[PDB]
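Chemist: Below is the file target.pdb, with PDB, N, CA and C atoms.
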ATOM      1  N   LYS A 764       0.826  -1.202   0.000
ATOM      2  CA  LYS A 764       0.000   0.000   0.000
ATOM      3  C   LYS A 764       0.863   1.257   0.000
ATOM      4  N   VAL A 765       1.985   1.200   0.715
ATOM      5  CA  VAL A 765       2.905   2.326   0.730
ATOM      6  C   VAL A 765       3.502   2.542  -0.658
ATOM      7  N   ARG A 766       3.740   1.449  -1.375
ATOM      8  CA  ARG A 766       4.233   1.537  -2.739
ATOM      9  C   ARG A 766       3.191   2.191  -3.620
ATOM     10  N   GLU A 767       1.924   1.919  -3.329
ATOM     11  CA  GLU A 767       0.846   2.473  -4.133
ATOM     12  C   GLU A 767       0.738   3.976  -3.935
ATOM     13  N   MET A 768       0.732   4.398  -2.674
ATOM     14  CA  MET A 768       0.660   5.823  -2.388
ATOM     15  C   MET A 768       1.892   6.510  -2.953
ATOM     16  N   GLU A 769       3.011   5.795  -2.932
ATOM     17  CA  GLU A 769       4.241   6.319  -3.494
ATOM     18  C   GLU A 769       4.098   6.504  -4.997
ATOM     19  N   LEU A 770       3.355   5.609  -5.639
ATOM     20  CA  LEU A 770       3.079   5.760  -7.058
ATOM     21  C   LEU A 770       2.201   6.974  -7.300
ATOM     22  N   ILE A 771       1.320   7.264  -6.350
ATOM     23  CA  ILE A 771       0.471   8.441  -6.488
ATOM     24  C   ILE A 771       1.290   9.726  -6.395
ATOM     25  N   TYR A 772       2.138   9.823  -5.368
ATOM     26  CA  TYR A 772       2.987  11.003  -5.234
ATOM     27  C   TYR A 772       3.904  11.124  -6.439
ATOM     28  N   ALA A 773       4.363   9.983  -6.940
ATOM     29  CA  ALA A 773       5.315   9.983  -8.038
ATOM     30  C   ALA A 773       4.670  10.508  -9.306
ATOM     31  N   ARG A 774       3.502   9.970  -9.639
ATOM     32  CA  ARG A 774       2.832  10.366 -10.866
ATOM     33  C   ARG A 774       2.380  11.817 -10.802
ATOM     34  N   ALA A 775       1.854  12.217  -9.649
ATOM     35  CA  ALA A 775       1.341  13.571  -9.515
ATOM     36  C   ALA A 775       2.470  14.587  -9.594
ATOM     37  N   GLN A 776       3.493  14.391  -8.769
ATOM     38  CA  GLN A 776       4.602  15.332  -8.718
ATOM     39  C   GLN A 776       5.369  15.366 -10.031
ATOM     40  N   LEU A 777       5.479  14.215 -10.691
ATOM     41  CA  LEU A 777       6.151  14.172 -11.983
ATOM     42  C   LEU A 777       5.354  14.918 -13.038
ATOM     43  N   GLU A 778       4.033  14.790 -12.981
ATOM     44  CA  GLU A 778       3.189  15.468 -13.952
ATOM     45  C   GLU A 778       3.272  16.975 -13.760
ATOM     46  N   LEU A 779       3.208  17.412 -12.506
ATOM     47  CA  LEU A 779       3.298  18.836 -12.207
ATOM     48  C   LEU A 779       4.672  19.373 -12.587
ATOM     49  N   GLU A 780       5.684  18.526 -12.441
ATOM     50  CA  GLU A 780       7.047  18.915 -12.763
ATOM     51  C   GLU A 780       7.210  19.123 -14.260
ATOM     52  N   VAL A 781       6.744  18.153 -15.038
ATOM     53  CA  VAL A 781       6.843  18.244 -16.485
ATOM     54  C   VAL A 781       6.001  19.400 -17.002
ATOM     55  N   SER A 782       4.867  19.640 -16.356
ATOM     56  CA  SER A 782       4.020  20.754 -16.750
ATOM     57  C   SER A 782       4.716  22.080 -16.477
ATOM     58  N   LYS A 783       5.451  22.141 -15.370
ATOM     59  CA  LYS A 783       6.146  23.367 -15.014
ATOM     60  C   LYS A 783       7.279  23.634 -15.986
ATOM     61  N   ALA A 784       8.080  22.607 -16.242
ATOM     62  CA  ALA A 784       9.212  22.749 -17.142
ATOM     63  C   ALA A 784       8.725  23.090 -18.540
ATOM     64  N   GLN A 785       7.558  22.562 -18.895
ATOM     65  CA  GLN A 785       7.001  22.813 -20.212
ATOM     66  C   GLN A 785       6.530  24.247 -20.337
ATOM     67  N   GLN A 786       5.795  24.725 -19.338
ATOM     68  CA  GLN A 786       5.286  26.088 -19.388
ATOM     69  C   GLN A 786       6.418  27.111 -19.344
ATOM     70  N   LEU A 787       7.445  26.823 -18.552
ATOM     71  CA  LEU A 787       8.611  27.693 -18.519
ATOM     72  C   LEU A 787       9.355  27.653 -19.847
ATOM     73  N   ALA A 788       9.371  26.488 -20.486
ATOM     74  CA  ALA A 788       9.978  26.389 -21.806
ATOM     75  C   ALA A 788       9.176  27.231 -22.784
ATOM     76  N   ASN A 789       7.870  27.308 -22.546
ATOM     77  CA  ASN A 789       6.994  28.105 -23.385
ATOM     78  C   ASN A 789       7.282  29.585 -23.240
ATOM     79  N   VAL A 790       7.369  30.063 -22.002
ATOM     80  CA  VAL A 790       7.623  31.484 -21.797
ATOM     81  C   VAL A 790       9.029  31.854 -22.276
ATOM     82  N   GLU A 791       9.975  30.925 -22.151
ATOM     83  CA  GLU A 791      11.334  31.177 -22.620
ATOM     84  C   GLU A 791      11.394  31.276 -24.137
ATOM     85  N   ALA A 792      10.864  30.265 -24.816
ATOM     86  CA  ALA A 792      10.907  30.245 -26.270
ATOM     87  C   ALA A 792      10.083  31.382 -26.866
ATOM     88  N   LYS A 793       8.966  31.708 -26.224
ATOM     89  CA  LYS A 793       8.154  32.833 -26.666
ATOM     90  C   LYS A 793       8.910  34.135 -26.452
ATOM     91  N   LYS A 794       9.724  34.174 -25.402
ATOM     92  CA  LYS A 794      10.522  35.358 -25.121
ATOM     93  C   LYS A 794      11.572  35.563 -26.198
ATOM     94  N   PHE A 795      12.300  34.497 -26.514
ATOM     95  CA  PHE A 795      13.334  34.582 -27.535
ATOM     96  C   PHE A 795      12.732  34.881 -28.904
ATOM     97  N   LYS A 796      11.549  34.326 -29.155
ATOM     98  CA  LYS A 796      10.863  34.575 -30.411
ATOM     99  C   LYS A 796      10.433  36.028 -30.493
ATOM    100  N   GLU A 797      10.032  36.580 -29.355
ATOM    101  CA  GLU A 797       9.690  37.989 -29.294
ATOM    102  C   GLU A 797      10.926  38.831 -29.567
ATOM    103  N   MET A 798      12.077  38.350 -29.110
ATOM    104  CA  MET A 798      13.315  39.085 -29.317
ATOM    105  C   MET A 798      13.675  39.126 -30.789
ATOM    106  N   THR A 799      13.712  37.959 -31.423
ATOM    107  CA  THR A 799      14.075  37.910 -32.832
ATOM    108  C   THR A 799      13.048  38.626 -33.708
ATOM    109  N   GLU A 800      11.777  38.586 -33.314
ATOM    110  CA  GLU A 800      10.758  39.350 -34.027
ATOM    111  C   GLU A 800      10.940  40.849 -33.822
ATOM    112  N   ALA A 801      11.532  41.224 -32.694
ATOM    113  CA  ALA A 801      11.685  42.635 -32.366
ATOM    114  C   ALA A 801      12.911  43.235 -33.041
ATOM    115  N   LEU A 802      14.092  42.831 -32.584
ATOM    116  CA  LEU A 802      15.339  43.381 -33.103
ATOM    117  C   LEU A 802      15.556  43.036 -34.575
ATOM    118  N   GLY A 803      14.968  41.933 -35.021
ATOM    119  CA  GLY A 803      14.951  41.598 -36.434
ATOM    120  C   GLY A 803      16.166  40.832 -36.921
ATOM    121  N   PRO A 804      16.059  40.238 -38.117
ATOM    122  CA  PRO A 804      17.148  39.479 -38.739
ATOM    123  C   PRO A 804      18.401  40.320 -38.951
ATOM    124  N   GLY A 805      18.213  41.606 -39.221
ATOM    125  CA  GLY A 805      19.324  42.470 -39.567
ATOM    126  C   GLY A 805      20.187  42.853 -38.384
ATOM    127  N   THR A 806      19.637  42.729 -37.181
ATOM    128  CA  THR A 806      20.377  43.084 -35.977
ATOM    129  C   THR A 806      21.351  41.975 -35.604
ATOM    130  N   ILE A 807      20.856  40.742 -35.606
ATOM    131  CA  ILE A 807      21.716  39.585 -35.411
ATOM    132  C   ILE A 807      22.649  39.451 -36.604
ATOM    133  N   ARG A 808      22.199  39.949 -37.751
ATOM    134  CA  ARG A 808      23.054  40.025 -38.923
ATOM    135  C   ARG A 808      24.211  40.973 -38.645
ATOM    136  N   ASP A 809      23.918  42.067 -37.946
ATOM    137  CA  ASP A 809      24.949  43.032 -37.589
ATOM    138  C   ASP A 809      25.905  42.455 -36.561
ATOM    139  N   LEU A 810      25.369  41.688 -35.619
ATOM    140  CA  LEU A 810      26.197  41.053 -34.607
ATOM    141  C   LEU A 810      27.099  39.994 -35.234
ATOM    142  N   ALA A 811      26.619  39.370 -36.305
ATOM    143  CA  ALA A 811      27.336  38.260 -36.926
ATOM    144  C   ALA A 811      28.397  38.712 -37.927
ATOM    145  N   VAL A 812      28.045  39.684 -38.762
ATOM    146  CA  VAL A 812      28.920  40.115 -39.846
ATOM    147  C   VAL A 812      30.009  41.054 -39.309
TER     148      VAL A 812
ATOM    149  N   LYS B 764       7.513 -13.896  -2.739
ATOM    150  CA  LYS B 764       6.508 -12.839  -2.751
ATOM    151  C   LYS B 764       7.162 -11.463  -2.714
ATOM    152  N   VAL B 765       8.259 -11.353  -1.968
ATOM    153  CA  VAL B 765       8.989 -10.096  -1.915
ATOM    154  C   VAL B 765       9.582  -9.769  -3.283
ATOM    155  N   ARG B 766      10.008 -10.801  -4.004
ATOM    156  CA  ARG B 766      10.518 -10.617  -5.352
ATOM    157  C   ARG B 766       9.409 -10.123  -6.257
ATOM    158  N   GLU B 767       8.193 -10.595  -6.004
ATOM    159  CA  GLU B 767       7.064 -10.206  -6.834
ATOM    160  C   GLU B 767       6.715  -8.742  -6.624
ATOM    161  N   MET B 768       6.609  -8.344  -5.360
ATOM    162  CA  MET B 768       6.306  -6.953  -5.062
ATOM    163  C   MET B 768       7.428  -6.073  -5.586
ATOM    164  N   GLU B 769       8.645  -6.603  -5.539
ATOM    165  CA  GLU B 769       9.792  -5.884  -6.060
ATOM    166  C   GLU B 769       9.661  -5.702  -7.565
ATOM    167  N   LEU B 770       9.087  -6.694  -8.236
ATOM    168  CA  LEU B 770       8.828  -6.567  -9.662
ATOM    169  C   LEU B 770       7.776  -5.504  -9.917
ATOM    170  N   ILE B 771       6.836  -5.369  -8.990
ATOM    171  CA  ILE B 771       5.816  -4.339  -9.141
ATOM    172  C   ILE B 771       6.419  -2.943  -9.011
ATOM    173  N   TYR B 772       7.213  -2.728  -7.960
ATOM    174  CA  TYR B 772       7.862  -1.431  -7.790
ATOM    175  C   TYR B 772       8.780  -1.150  -8.967
ATOM    176  N   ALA B 773       9.426  -2.198  -9.466
ATOM    177  CA  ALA B 773      10.396  -2.033 -10.536
ATOM    178  C   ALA B 773       9.710  -1.598 -11.817
ATOM    179  N   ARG B 774       8.651  -2.308 -12.188
ATOM    180  CA  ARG B 774       7.960  -2.005 -13.430
ATOM    181  C   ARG B 774       7.283  -0.644 -13.365
ATOM    182  N   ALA B 775       6.670  -0.349 -12.224
ATOM    183  CA  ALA B 775       5.946   0.906 -12.091
ATOM    184  C   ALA B 775       6.903   2.088 -12.128
ATOM    185  N   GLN B 776       7.922   2.044 -11.277
ATOM    186  CA  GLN B 776       8.866   3.147 -11.184
ATOM    187  C   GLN B 776       9.654   3.319 -12.474
ATOM    188  N   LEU B 777       9.961   2.210 -13.142
ATOM    189  CA  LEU B 777      10.666   2.291 -14.415
ATOM    190  C   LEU B 777       9.790   2.917 -15.484
ATOM    191  N   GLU B 778       8.504   2.582 -15.466
ATOM    192  CA  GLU B 778       7.590   3.132 -16.455
ATOM    193  C   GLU B 778       7.430   4.631 -16.246
ATOM    194  N   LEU B 779       7.264   5.034 -14.990
ATOM    195  CA  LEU B 779       7.120   6.450 -14.675
ATOM    196  C   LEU B 779       8.402   7.202 -15.010
ATOM    197  N   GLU B 780       9.530   6.523 -14.844
ATOM    198  CA  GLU B 780      10.823   7.126 -15.122
ATOM    199  C   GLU B 780      10.991   7.379 -16.612
ATOM    200  N   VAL B 781      10.705   6.358 -17.412
ATOM    201  CA  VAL B 781      10.827   6.484 -18.855
ATOM    202  C   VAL B 781       9.828   7.500 -19.385
ATOM    203  N   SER B 782       8.653   7.549 -18.769
ATOM    204  CA  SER B 782       7.652   8.522 -19.177
ATOM    205  C   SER B 782       8.123   9.937 -18.871
ATOM    206  N   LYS B 783       8.808  10.097 -17.742
ATOM    207  CA  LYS B 783       9.292  11.412 -17.355
ATOM    208  C   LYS B 783      10.394  11.868 -18.292
ATOM    209  N   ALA B 784      11.354  10.983 -18.534
ATOM    210  CA  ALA B 784      12.472  11.315 -19.401
ATOM    211  C   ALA B 784      11.976  11.594 -20.809
ATOM    212  N   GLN B 785      10.917  10.894 -21.202
ATOM    213  CA  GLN B 785      10.362  11.072 -22.532
ATOM    214  C   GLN B 785       9.675  12.417 -22.656
ATOM    215  N   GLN B 786       8.847  12.758 -21.674
ATOM    216  CA  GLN B 786       8.131  14.026 -21.725
ATOM    217  C   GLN B 786       9.086  15.213 -21.638
ATOM    218  N   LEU B 787      10.124  15.078 -20.821
ATOM    219  CA  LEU B 787      11.136  16.121 -20.746
ATOM    220  C   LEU B 787      11.913  16.217 -22.052
ATOM    221  N   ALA B 788      12.130  15.078 -22.702
ATOM    222  CA  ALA B 788      12.779  15.095 -24.004
ATOM    223  C   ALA B 788      11.881  15.814 -24.997
ATOM    224  N   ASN B 789      10.574  15.681 -24.795
ATOM    225  CA  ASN B 789       9.606  16.342 -25.652
ATOM    226  C   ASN B 789       9.653  17.846 -25.484
ATOM    227  N   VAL B 790       9.631  18.315 -24.240
ATOM    228  CA  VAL B 790       9.651  19.755 -24.014
ATOM    229  C   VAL B 790      10.993  20.348 -24.449
ATOM    230  N   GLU B 791      12.070  19.578 -24.305
ATOM    231  CA  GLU B 791      13.385  20.047 -24.733
ATOM    232  C   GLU B 791      13.469  20.176 -26.247
ATOM    233  N   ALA B 792      13.123  19.104 -26.951
ATOM    234  CA  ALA B 792      13.208  19.112 -28.403
ATOM    235  C   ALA B 792      12.231  20.113 -29.011
ATOM    236  N   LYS B 793      11.060  20.250 -28.398
ATOM    237  CA  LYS B 793      10.093  21.239 -28.853
ATOM    238  C   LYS B 793      10.628  22.641 -28.604
ATOM    239  N   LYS B 794      11.398  22.793 -27.531
ATOM    240  CA  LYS B 794      11.991  24.083 -27.216
ATOM    241  C   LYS B 794      13.024  24.466 -28.260
ATOM    242  N   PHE B 795      13.919  23.533 -28.565
ATOM    243  CA  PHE B 795      14.953  23.794 -29.556
ATOM    244  C   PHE B 795      14.349  24.013 -30.938
ATOM    245  N   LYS B 796      13.276  23.282 -31.228
ATOM    246  CA  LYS B 796      12.592  23.439 -32.501
ATOM    247  C   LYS B 796      11.942  24.806 -32.581
ATOM    248  N   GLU B 797      11.428  25.273 -31.450
ATOM    249  CA  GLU B 797      10.866  26.609 -31.385
ATOM    250  C   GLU B 797      11.961  27.639 -31.614
ATOM    251  N   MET B 798      13.161  27.338 -31.129
ATOM    252  CA  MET B 798      14.272  28.262 -31.293
ATOM    253  C   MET B 798      14.660  28.379 -32.754
ATOM    254  N   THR B 799      14.898  27.242 -33.399
ATOM    255  CA  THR B 799      15.302  27.271 -34.796
ATOM    256  C   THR B 799      14.199  27.829 -35.694
ATOM    257  N   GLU B 800      12.940  27.584 -35.338
ATOM    258  CA  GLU B 800      11.833  28.188 -36.072
ATOM    259  C   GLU B 800      11.770  29.693 -35.847
ATOM    260  N   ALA B 801      12.265  30.141 -34.699
ATOM    261  CA  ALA B 801      12.186  31.553 -34.353
ATOM    262  C   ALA B 801      13.319  32.349 -34.987
ATOM    263  N   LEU B 802      14.536  32.129 -34.501
ATOM    264  CA  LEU B 802      15.694  32.875 -34.978
ATOM    265  C   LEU B 802      16.002  32.590 -36.447
ATOM    266  N   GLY B 803      15.608  31.414 -36.920
ATOM    267  CA  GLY B 803      15.682  31.101 -38.336
ATOM    268  C   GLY B 803      17.015  30.543 -38.796
ATOM    269  N   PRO B 804      17.034  29.957 -40.000
ATOM    270  CA  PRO B 804      18.246  29.387 -40.598
ATOM    271  C   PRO B 804      19.356  30.418 -40.765
ATOM    272  N   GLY B 805      18.975  31.661 -41.028
ATOM    273  CA  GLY B 805      19.945  32.695 -41.334
ATOM    274  C   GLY B 805      20.705  33.192 -40.123
ATOM    275  N   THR B 806      20.148  32.966 -38.937
ATOM    276  CA  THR B 806      20.791  33.415 -37.709
ATOM    277  C   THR B 806      21.917  32.468 -37.319
ATOM    278  N   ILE B 807      21.623  31.173 -37.347
ATOM    279  CA  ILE B 807      22.649  30.163 -37.139
ATOM    280  C   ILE B 807      23.623  30.195 -38.306
ATOM    281  N   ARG B 808      23.131  30.632 -39.461
ATOM    282  CA  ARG B 808      23.995  30.859 -40.607
ATOM    283  C   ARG B 808      24.980  31.972 -40.287
ATOM    284  N   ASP B 809      24.499  32.996 -39.586
ATOM    285  CA  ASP B 809      25.355  34.107 -39.190
ATOM    286  C   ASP B 809      26.363  33.673 -38.141
ATOM    287  N   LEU B 810      25.928  32.818 -37.222
ATOM    288  CA  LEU B 810      26.820  32.307 -36.193
ATOM    289  C   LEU B 810      27.893  31.412 -36.804
ATOM    290  N   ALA B 811      27.546  30.736 -37.895
ATOM    291  CA  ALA B 811      28.446  29.761 -38.506
ATOM    292  C   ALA B 811      29.448  30.388 -39.471
ATOM    293  N   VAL B 812      28.970  31.304 -40.306
ATOM    294  CA  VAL B 812      29.795  31.884 -41.360
ATOM    295  C   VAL B 812      30.708  32.974 -40.783
TER     296      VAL B 812
END
Starting from the file, lay out its structure as structure tokens.
Modeler:
Amino acid sequence: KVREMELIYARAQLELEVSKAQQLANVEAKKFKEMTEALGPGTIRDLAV
Amino acid sequence: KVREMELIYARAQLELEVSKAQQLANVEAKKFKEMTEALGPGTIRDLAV
């Protein structure tokens, strides 16, 4: 029974964990996408060339 | 019987483990894919050339 409850904590906490990492990955990637959409191709072009 | 219960903990925890690593691999690869879709081929082109 302790193994069972342990499976409950495991599945729940793992799901919340993956959801957190996913949502943070979302805000991060959306942030970087906002950056490249903002400063534009030519700015990173300036940094590169 | 202890070996049997041990097989239960083993299969369950291993399944949850592989599921976790898989979902995290999903958020990671989706993150990187979001990056390359965002900054674009020409940005990594700028970093490379």
Chemist: Could you write out as number ranges by chain the residues that the ChimeraX specification (/A :<6) & /B matches in the shown file?
Modeler: B: 790, 801-802, 809-810
Chemist: Please compute the CA of residue 775 in chain B-CA of residue 776 in chain A distance, one decimal, in Å.
Modeler: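 These two atoms are separated by 14.9 Å.
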Chemist: For atom N of residue 765 in chain B and CA of residue 765 in chain A, quote the distance in Å rounded to one decimal.
Modeler: 14.9 Å
Chemist: One decimal, in Å: what's the spacing between atom N of residue 783 in chain B and atom C of residue 772 in chain A?
Modeler: 12.4 Å
